[PDB]
There are 4 protein chains.
Amino acid sequence: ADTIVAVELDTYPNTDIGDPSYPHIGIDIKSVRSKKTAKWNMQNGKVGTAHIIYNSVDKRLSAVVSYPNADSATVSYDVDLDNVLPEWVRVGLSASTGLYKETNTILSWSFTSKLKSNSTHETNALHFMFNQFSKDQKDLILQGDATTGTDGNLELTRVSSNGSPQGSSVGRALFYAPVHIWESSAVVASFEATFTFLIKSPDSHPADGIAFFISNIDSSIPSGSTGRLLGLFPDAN
Amino acid sequence: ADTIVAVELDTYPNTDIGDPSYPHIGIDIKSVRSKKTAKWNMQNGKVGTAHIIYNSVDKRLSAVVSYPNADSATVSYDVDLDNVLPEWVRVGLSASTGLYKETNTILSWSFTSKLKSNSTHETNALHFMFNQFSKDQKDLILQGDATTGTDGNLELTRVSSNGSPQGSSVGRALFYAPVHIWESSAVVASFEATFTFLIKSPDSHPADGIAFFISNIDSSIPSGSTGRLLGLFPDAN
Amino acid sequence: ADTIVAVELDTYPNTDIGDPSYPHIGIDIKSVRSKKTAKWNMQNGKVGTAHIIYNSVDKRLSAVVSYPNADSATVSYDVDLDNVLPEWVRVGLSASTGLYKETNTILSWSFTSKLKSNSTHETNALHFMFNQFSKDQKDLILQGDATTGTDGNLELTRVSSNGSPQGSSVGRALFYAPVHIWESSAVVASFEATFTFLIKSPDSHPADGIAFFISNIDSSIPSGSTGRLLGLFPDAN
Amino acid sequence: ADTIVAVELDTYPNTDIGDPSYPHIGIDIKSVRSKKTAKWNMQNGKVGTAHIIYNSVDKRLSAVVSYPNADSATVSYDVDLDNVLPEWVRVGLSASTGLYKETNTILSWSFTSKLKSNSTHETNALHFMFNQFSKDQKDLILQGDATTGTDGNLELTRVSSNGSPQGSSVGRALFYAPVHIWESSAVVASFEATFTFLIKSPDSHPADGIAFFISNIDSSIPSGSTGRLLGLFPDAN
Ligand SMILES: CCN(CC)c1ccc2c(c1)Oc1cc(N(CC)CC)ccc1C2c1ccccc1C(=O)OCCOCCOCCn1cc(CO[C@H]2O[C@H](CO)[C@@H](O)[C@H](O)[C@H]2O)nn1
Ligand SMILES: CCN(CC)c1ccc2c(c1)Oc1cc(N(CC)CC)ccc1C2c1ccccc1C(=O)OCCOCCOCCn1cc(CO[C@H]2O[C@H](CO)[C@@H](O)[C@H](O)[C@H]2O)nn1
Ligand SMILES: CCN(CC)c1ccc2c(c1)Oc1cc(N(CC)CC)ccc1C2c1ccccc1C(=O)OCCOCCOCCn1cc(CO[C@H]2O[C@H](CO)[C@@H](O)[C@H](O)[C@H]2O)nn1
Ligand SMILES: CCN(CC)c1ccc2c(c1)Oc1cc(N(CC)CC)ccc1C2c1ccccc1C(=O)OCCOCCOCCn1cc(CO[C@H]2O[C@H](CO)[C@@H](O)[C@H](O)[C@H]2O)nn1
Ligand SMILES: [Ca+2]
Ligand SMILES: [Ca+2]
Ligand SMILES: [Ca+2]
Ligand SMILES: [Ca+2]
Ligand SMILES: [Mn+2]
Ligand SMILES: [Mn+2]
Ligand SMILES: [Mn+2]
Ligand SMILES: [Mn+2]
């Protein structure tokens, strides 16, 4: 059973699992049923930016999702990630389709993590940046339908050769090195992740959306987690 | 009159102007009467570390002051820095003594400021790092009694040739370049400052403390701001 | 008399002052007559990129200029910058027009400088990044005709309200803080500079070019330095 | 067998395999017999620093090793690394002892790699920093005798419970994620690595050394590569 903390850009309302009745961003703590959601005006066909941030002083996980010249969507949840996640994790991106579909393309992805210890306050840091993805991206672990290199992008779910998306798809990309997201003797620890994404659907109704996630290091796509489950969770609980 | 936002490490309780009964860290918004303080166990003669952080999403100014192997002191305050400070600022370190005294020695200082715009989501960033100060530190604006180069440290208040700190001293170092801490169309702005310091006193009661501050670009040490005013405020209101 | 080190992007061959017969890049060490040049196929109207890098171990100043999908032009020169520059400098961008003309438009600028001392191996660093410029960009020093804000770009030379570049123009933007590009007791000092540019001319022959430069902190545009002099040298010697 | 590019800090003169007559640093291109060496006055028991850098414009691999207040040892070799190494590598630290011995203690390790592609000039970056190592350091592959966490240091070779270095020991630490050190379509690609070390020995002649290396990703310690082989090479050819 994986341990998942995620920020979801949820394009499709599943009101039967507590989704609000509109597209929304959310913070997910070991459940697809979001602890905090905000309305998000997803723009079919457009490049947007997501920013996710946390530090161990405020213990507050926050995300802003944005398109140029539009009002941002913002969401925040108070949570001690020390109590939720293991000491070492992987970080990734996840996306799915179900009966409705959309391209879940990633154009760029960056991440930064820093830990200062309570004994002689030495800082350990990790930073990665992808502004292009190649056919053979050896520092990503690609799971399920995820592919890299088409146009120099990361396509999290299946795209057919004519460029339209497919339903019932799920895939994820995880950064290869494990990440130390907390330590018991840290003065401050923090992270920030940003990615740019392009969600396009020929349907009237896109689905199912994209997530930034932090998981146990050995995490994999739960069985049957296409659709509303976003590649993250084994069920809707 | 200057506009001051500061994180104070207040070594001396002036209860007649609202200080708690004990050395305390605090967040100062345009006043020396902090908006929020927490108890701080200052350690005479030991090198400690301070970290200050803010971002435009949570709008929450937060600091942690620490010594190796001790419990941290932590303090936070909800505040929209957009509403308080001008678009352009200087960032700086400040310290004073009064009728009681201490060294106000800075061994390192770093600062990172980031803004991503709402118009195609381009990032502007400033970073500086001092892990040693030379006698001619041209990218530091030194005010009052502040000097650089002695042992490679920044001494914010006057220290005599024999190492002894002097009373009635006030001194400040501001980074040379102005800094853009907000813009009306930034999706996320954030900053982070760190410094190491060494407060030592031959007195029973050290005074008066060290502050990291953000100010209008033309800020200078207000008149008679030695002692309890920490080099920051013209008065005690 | 100023002391300039510079990387020139020279759009206009002035063979009377030792320019080669074609648009070219070059390294200039206290003279507009380049110590080294290489052929540069400038592309009228196209967004280009330049990179300048140097380190105190190799003592080699090297620059690459390129457009997406073209062969890069590269040039390098063996010079000990400690021998040439004062210890504190400013960094900047300069451009000019003369009887012929072009827009000298800067769309992004970044610079990182790092010094490690011979005792006790402590690093000082400076980093800045401009991915957009605003109307009042207080951390740039503008000289001559240079302005910021139109479209979020830095226009180093005069452009008219209608978009047309003007003859006989010259301007520079220097970053506000002086920079420590060297110190006597350094294990290693280095820097890198990147900028993107857009040179468009309605003339059959574009003039005069853009340079990245490093100078005495108190550099100004030498008088009459339009055209072939590039905002940089008082004469063609 | 493996493809290795290394910077050796070589404490023991093995004159039978072309080592010079004195402790030295060298650049190793697929052979233990360095393509260039410089004289290194290793200091028994004192914390040193090494810096290695390379960029694809100069195609010069260079290194500096120093102690506070000493003259530096520096060595360089003109080598085009995309000609030698595969497109994907891992970076690491290696060390060995044989009949004679020393502690190979790593106190800190940082690394930054960067690639700008020839289309659309997009940057890919990796950065890691260890200023402490814990007992369970999941983002390092440890091979052979290497251990982490004792005093927060990485011990590349065996040390017994009482601090005493052991003979016939070989160990390495690789960063976990693969690193993209060249791309055929790259404007400029570069890296820099820094480590701090403490080499301490009871022997009249300390042995054998520490290396920074870059290898095929699936590299392991070659068979019998203790002593003069430095845990890097299967033989001394
Ligand atoms: C009333 C709320 N609502 C709309 C928001 C809704 C409800 C039912 C369907 C809906 C939508 O859509 C479809 C669409 C299709 N197709 C695409 C046009 C053909 C493939 C077919 C059927 C329906 C059905 C459907 C009809 C009858 C029987 C079963 C289903 C069904 O979805 O059953 C599967 C599991 O659902 C069980 C009950 O769930 C009721 C909630 N409902 C169901 C859905 C669609 O859900 C699927 O698609 C979603 C979008 O990709 C994913 O998030 C889900 O993981 C996936 O199961 N949305 N809301
Ligand atoms: C060499 C001189 N020396 C150092 C040993 C010294 C001298 C005088 C005092 C000293 C110390 O201490 C105190 C302390 C207190 N209290 C301790 C918390 C509270 C009972 C009180 C009086 C003295 C006084 C004092 C007594 C009588 C008359 C005036 C003062 C006085 O402080 O004159 C100058 C301004 O004082 C006006 C009245 O202030 C009431 C607050 N009181 C006074 C002080 C000392 O304050 C001075 O020193 C502080 C510490 O550096 C600074 O923060 C202040 O800005 C600075 O003005 N602290 N609390
Ligand atoms: C390129 C076309 N050409 C060559 C046929 C040419 C063009 C202009 C002049 C020219 C020649 O010559 C003179 C000569 C004189 N005198 C004779 C020596 C004085 C009696 C006076 C004016 C002009 C001028 C002149 C007259 C009126 C206004 C301006 C100029 C001029 O800029 O002139 C700059 C001086 O050029 C002299 C010869 O140089 C040959 C190189 N070539 C290139 C240019 C254009 O030069 C200007 O424009 C260039 C491109 O922007 C800049 O790089 C230069 O720095 C700037 O001086 N001019 N010639
Ligand atoms: C430095 C002092 N020296 C020269 C006087 C010397 C030291 C040891 C031997 C030496 C010589 O010679 C031999 C010779 C043999 N034989 C005949 C060739 C076989 C019967 C056997 C053992 C020893 C050994 C030996 C004895 C006991 C345990 C190990 C060894 C050994 O490693 O020995 C490696 C011997 O290499 C042959 C001679 O090499 C001359 C160089 N000399 C030998 C060494 C020891 O080298 C070991 O230690 C070095 C330092 O750690 C490492 O760089 C080497 O990788 C590691 O093999 N260093 N310098
Ligand atoms: Ca949903
Ligand atoms: Ca006080
Ligand atoms: Ca020219
Ligand atoms: Ca050797
Ligand atoms: Mn949801
Ligand atoms: Mn106070
Ligand atoms: Mn030229
Ligand atoms: Mn050797």
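Which ³J(HN,Hα) values in Hz, rounded to whole numbers, follow from the phi angles of region B:158-173 under the Karplus curve 6.51 cos²θ - 1.76 cosθ + 1.60, where θ = phi - 60° and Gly and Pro get x?
5, 10, 8, 3, 6, x, 7, x, 9, x, 6, 10, 9, x, 8, 10
Could you work out, residue by residue across B:55-66, how many beta carbons of other chains sit within 10 Å of that residue's beta carbon, and then give the average as an integer? Each step should come with its number before you reach the end.
Numbers: counts 7, 2, 10, 9, 0, 6, 1, 5, 2, 7, 1, 6.
Going residue by residue through B:55-66 and averaging, the value is 5.
For chain D, with the dipole built from +1 on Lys and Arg beta-carbon atoms and -1 on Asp and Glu ones, taken about the Cα centre, which of D:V159, D:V84, D:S169 lies farthest toward the positive end?
With unit charges placed on the Cβ atoms, the residue in question is D:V159.
With charges only on Cβ, +1 for K and R and -1 for D and E, what is the dipole size of region C:104-237 about its Cα centre, in debye, rounded to 20? Could you put the intermediate results ahead of the total?
Details: 8 positive and 12 negative charges, 20 e Å.
Using Cβ point charges on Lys, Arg, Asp and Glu, region C:104-237 gives about 100 debye.
Which of the peptides A:159-166, D:138-145, D:210-217 is most tightly packed, and how do the rest follow, judged by the mean count of other Cβ atoms within 10 Å per residue? All intermediate terms of the calculation are to be shown ahead of the outcome.
On the way: A:159-166: 12.4, D:138-145: 19.2, D:210-217: 22.6.
Top to bottom by mean Cβ count within 10 Å: D:210-217, D:138-145, A:159-166.
Nothing charged except the Cβ atoms of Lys and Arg (+1) and of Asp and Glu (-1): what's the magnitude of the dipole of the protein assembly as shown about its Cα centre? Round to the nearest 20 debye. Write out the running numbers ahead of the final one.
On the way: 72 positive and 100 negative charges, 2 e Å.
Charge dipole of the protein assembly as shown: 0 debye, to the nearest 20.
Ignore the peptide's own chain and count Cβ atoms of other chains within 10 Å of each Cβ in D:174-180; give me the average, rounded.
Working: counts 0, 2, 6, 10, 6, 3, 6.
For this peptide, the per-residue mean of nearby foreign Cβ atoms is 5.
Within straight cross-link reach of B:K30, meaning Cα distance under 14 Å, which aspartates and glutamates are found once same-chain residues fewer than 8 apart are removed?
Output for B:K30: B:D2, B:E8, B:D80, B:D82, B:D235.
Over the whole of B:68-74, what's the average partner chain Cβ count within 10 Å per residue? Rounded to a whole number, please.
Values: counts 7, 4, 1, 1, 5, 0, 4.
The mean count of partner-chain Cβ atoms within 10 Å per residue comes to 3.
Near A:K46, which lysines are there with a Cα under 22 Å away, not counting those fewer than 8 places off in the same chain?
List returned: A:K101, A:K200, B:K116.
May I ask you to evaluate 6.51 cos²θ - 1.76 cosθ + 1.60, the Karplus curve with θ = phi - 60°, for each residue of region B:45-62 and list the ³J(HN,Hα) values in order in whole Hz, giving x for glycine and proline?
Coupling constants for region B:45-62: x, 10, 7, x, 10, 10, 10, 10, 8, 8, 9, 6, 7, 7, 6, 8, 9, 9 Hz.
Can you give the Rg to Rh ratio for the protein assembly as shown, taking only C-alpha atoms and Rh from Kirkwood?
On the way: Rg = 28.4 Å, Rh = 29.6 Å.
Over the Cα atoms of the protein assembly as shown, Rg/Rh equals 0.96.
What are the ³J(HN,Hα) values, in whole Hz, obtained from phi via the Karplus relation 6.51 cos²θ - 1.76 cosθ + 1.60 with θ = phi - 60°, for each residue of region C:184-197 in sequence order, with x given for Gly and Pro?
Calculated HN-Hα couplings, in order: 4, 9, 10, 4, 5, 10, 8, 8, 9, 10, 10, 8, 10, 9 Hz.
Per residue, what volume in Å³ does the Cα convex hull of region C:74-197 take up?
Numbers: hull volume 15.6 nm³, N = 124.
It is 126 Å³ per residue.
Please state the relative contact order of chain D as a whole percent: Cα pairs under 8 Å, 6+ residues apart? List each step's numbers first, then the result.
Numbers: 680 pairs, mean separation 70.6, N = 237.
Once normalised by length, the contact order is 30 percent.
From a point 7 Å beyond the Cα of D:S184 in the direction of its Cβ, which residues of region A:149-166 have a backbone N at a distance under 14 Å?
none
Using unit Cβ charges (K, R positive; D, E negative) and no other charged atoms, how large, in debye to the nearest 20, is the dipole of chain D about its Cα centre? Please list the in-between numbers first.
Values: 18 positive and 25 negative charges, 56 e Å.
In debye, rounded to 20, chain D gives about 260.
In terms of Cα to Cα distance under 16 Å, which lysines are near enough to C:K35, apart from those fewer than 8 places away along the same chain?
C:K59
Using modelled backbone amide H atoms (1.01 Å from N, in-plane), which distant-in-sequence or interchain residues come within less than 5 Å of A:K46's amide H?
A:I199
At 7 Å along Cα-to-Cβ for each site, give me the label-to-label distance between C:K30 and A:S220 in nm.
With each label point 7 Å from Cα toward Cβ, the separation is 6.7 nm.
Amide H neighbours of A:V179 under 5 Å, counting only residues 5+ apart in sequence or on other chains, H built in-plane at 1.01 Å?
A:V89, A:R90
To the nearest µm²/s, what D does Stokes-Einstein give for region B:155-205 at 4 °C and 1.567 mPa s, using the Kirkwood radius over alpha carbon pairs as Rh?
Working: Rh = 14.9 Å.
Estimated diffusion coefficient is 87 µm²/s.
Search the structure for amide H atoms under 5 Å from the amide H of B:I4, placed 1.01 Å from N in the peptide plane, and list their residues when 5 or more places away or on another chain.
HN-HN under 5 Å from B:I4: B:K30.
Once each part is reduced to its C-alpha centroid, what is the distance from region C:26-71 to region D:175-237 in angstrom?
Result: 33 Å between the Cα centres.
Can you show me the helix-derived [θ] at 222 nm for the protein assembly as shown, built from DSSP H runs with n ≥ 4 at -39,500 (n - 2.57) apiece and divided by the number of residues, rounded to the nearest 500. List each step's numbers first, then the result.
Values: 1 runs with 4 residues, N = 948.
That comes out to 0 deg cm²/dmol.
What do you get for Rg/Rh over chain D if you use C-alpha atoms and the Kirkwood form of Rh? Write down the numbers at each step before the final one.
Working: Rg = 16.8 Å, Rh = 17.6 Å.
Value, to two decimals: 0.95.
None of the figures in this text is laboratory data; all of them are computed from the coordinates on show. In this analysis, Cβ positions are derived from the backbone assuming ideal geometry, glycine residues included, and neighbour counts consider all displayed protein chains.
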